[PDB]
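Let me begin by presenting the structure, written as structure tokens, before commenting on it.
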Amino acid sequence: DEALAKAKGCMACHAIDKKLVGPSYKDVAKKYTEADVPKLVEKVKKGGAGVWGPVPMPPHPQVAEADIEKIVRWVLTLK
Ligand code: HEC
């Protein structure tokens with residue numbers, strides 16, 4: 001949910017309705033659906049670049065994959 005995203009440092013680089021370093025969560029929800037959850041979860045975990053730009057999202061080797069999936073399913077409901 002939102003409190004979890006913020007507890008895991010996500011909202012330093014992402015906001016619901018505007019762009020910061022990474023895409024807005026509303027743009028992420030517009031690009032993907034619940035079909036894509038497994039793919040997004042790997043991206044947050046392993047990090048990486050190129051889908052939205054050249055600046056990489058760092059890996060998250062110490063955030064539980066269960067928590068990441070929670071944040072990701074919530075991101076996707078922001079329409
Ligand atoms: C900067 C220090 C970041 C923090 C911390 C987090 N994210 Fe991020 N994210 C960042 C960038 C620069 C990008 C674009 C990467 C690219 O391919 O261009 C992203 C991307 C995402 C995405 C979209 C993934 C994709 O479309 O391939 C999601 C769903 C996302 N980020 C979620 C997310 C979560 C849940 C974070 C906290 C656990 C998190 N990000 C941190 C920059 C940064």
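Residues in the structure tokens are numbered from 1 in each chain, the chains being A, B, ... in the order shown, and ligands are numbered from 1 in the order shown.
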**Request:** Pick out the residues no farther than 9 Å from ligand 1, counting only C-alpha atoms and all ligand atoms, and list them as JSON, numbers by chain.
**Result:** {"A": [4, 5, 6, 7, 8, 9, 10, 11, 12, 13, 14, 20, 21, 22, 23, 24, 25, 27, 28, 29, 31, 32, 37, 39, 40, 41, 43, 44, 45, 47, 48, 49, 50, 51, 52, 53, 54, 55, 56, 57, 58, 59, 60, 63, 67, 68, 69, 70, 71, 72, 75, 76]}
**Request:** Pick out each residue of chain A that DSSP on the backbone tags as alpha helix (DSSP H); I need them as a ChimeraX atom specification.
**Result:** /A:2-7,25-31,37-46,65-75
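The smallest atom-to-atom distance between residue 64 (chain A) and any of A:17, A:42, A:36, A:2, using only C-alpha atoms, is found for A:42.
Taking CA of residue 62 (chain A) as the reference point, CA of residue 30 (chain A) is found at 27.9 Å.
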**Request:** Point out the residue among A:66, A:19, A:73, A:78 with the least atom-to-atom distance to residue 34 (chain A), counting only C-alpha atoms.
**Result:** A:73
